[PDB]
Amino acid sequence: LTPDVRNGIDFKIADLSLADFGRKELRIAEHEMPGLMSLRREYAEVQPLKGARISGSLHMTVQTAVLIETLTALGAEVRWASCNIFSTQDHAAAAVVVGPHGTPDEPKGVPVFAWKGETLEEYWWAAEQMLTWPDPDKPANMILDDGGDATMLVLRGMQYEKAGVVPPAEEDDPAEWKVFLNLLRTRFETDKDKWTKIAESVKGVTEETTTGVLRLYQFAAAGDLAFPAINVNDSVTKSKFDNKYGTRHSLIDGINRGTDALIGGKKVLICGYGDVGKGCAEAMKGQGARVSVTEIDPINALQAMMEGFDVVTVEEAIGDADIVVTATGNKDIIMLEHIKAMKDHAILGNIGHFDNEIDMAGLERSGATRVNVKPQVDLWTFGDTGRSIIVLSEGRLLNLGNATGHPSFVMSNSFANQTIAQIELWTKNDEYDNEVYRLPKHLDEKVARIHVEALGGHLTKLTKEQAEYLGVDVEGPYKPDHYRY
């Protein structure tokens, strides 16, 4: 694996001739992304990001394209990789590399290292390409991360440099841990302070997802978070909309492309009843399913029951579930003993961030046979029972891998939050300690207001007398810091 170069842009993607079809959907997506457009207009002259060099780990989709060309429209230089092996949309990747005014032959866009259907080896390769800038004296000075793989690579790789050695891996280290480490080990043979120099260059990380943000909270508590981080996941306009309303749209997209299995009349098991779970269950309900949920949190559980859902354990429900979805951000939800209890031709998929919510490592060692139906749809048969399980996306996130992820309108919230967070960490950089921060409420409202307008919502303006009575400014913020919406 070696990068390609064309008119001064280095990259690796499926197919550069997909740019026209890429660019077509870019423009449509832009009508569906008023958050990002409004920010381009608000920030064109200002150039808030001049001097920013952004390293991005984020699903290389159409919506991430519009995100990228917003970031560059505010002065940033970017380099990009997907944060999932299947989530790349090749046509969006190509329009990124070509740019709005370039061609396949003479691309005038940004470096992108991503294509749909990476191996774990090429993924980690593309991840290192995105963090590695041409001139050794101006490395990445900023990170846009989703999952924390960009962040994790930087900080473990500094830890290994500062310790002196990149460690061995045993056996029951995941196949990815090997690959991950393999990358850093070889890197060390030739380069003794690569990551350390990146880590002091980087002003901040902004992190998109619940999981990445969890990893962030564990670096801060170790003492190992080297630069500030905005938790973008926990914008109100991120979680309460993307995680939930995004998934309500995209779960069922993922399952329809995978399987064309009817949803109505079916027993559907959702594991997890957070924002993602709530989105899944709502979607399944709307479609006529008989939805049951799992949960470890008594509160989240009380909500599911108040929404008409049984609250049940995997063990109790698994043998009779027609569709099983894991949505927990946790590992070990569907183990092999579960998969063997499942019914013939039941569907099994994961919509959390990682491929370990489902025992894929166990299923591959089990003596089941895999028959590939088509991209990202696999049919697994146990010979002892005769029963087959349809597995979506090798247990990686079915929505981004079997479909196209959330809709443009949803990501317009998420990526508008992401843009803002980068501006703030870049322009107001000494205003931050080495901690996880969340955006101010005024800015959450800013973003919400763009989409209410875009949708045709008519807001009531508080009178002077009304805002004295509520103790708030007419123009926001409207709620206490602990308001949960």
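So that there is no doubt, residue numbering starts at 1 and follows the sequence shown.
Q: Check the entry's C-alpha temperature factors for 128-136 and 300-308, then say which stretch has the higher mean.
A: Here the higher of the two C-alpha B-factor means belongs to 128-136.
Q: Out of 470-478 and 7-15, which one has CA B-factors that are higher on average in the deposited record?
A: Between 470-478 and 7-15, it is 7-15.
Q: Quick one: which of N434, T64, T460, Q418 shows the highest Cα temperature factor in the PDB entry?
A: The record points to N434.
Q: Between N330, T196, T369, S239, which carries the biggest CA temperature factor in the record?
A: The record points to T196.
Q: Among the chain's modelled residues, which third holds the C-alpha B-factor of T119?
A: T119: CA B-factor falls in the middle third of its chain.
Q: Please place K340 in the lowest, middle or highest third of its chain according to the CA B-factor in the PDB entry.
A: Its C-alpha B-factor belongs to the lowest third of this chain's values.
Q: Lowest, middle or highest third: where is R53 by C-alpha B factor in its chain?
A: CA B-factor rank for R53: highest third.
Q: Looking at the C-alpha B-factor of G254, is it in the lowest, middle or highest third of its chain?
A: Lowest third of the chain for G254's C-alpha B-factor.
Q: Once the chain's modelled residues are ordered by C-alpha B factor and cut into thirds, is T151 in the lowest, middle or highest one?
A: For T151, the deposited C-alpha B-factor lands in the highest third.
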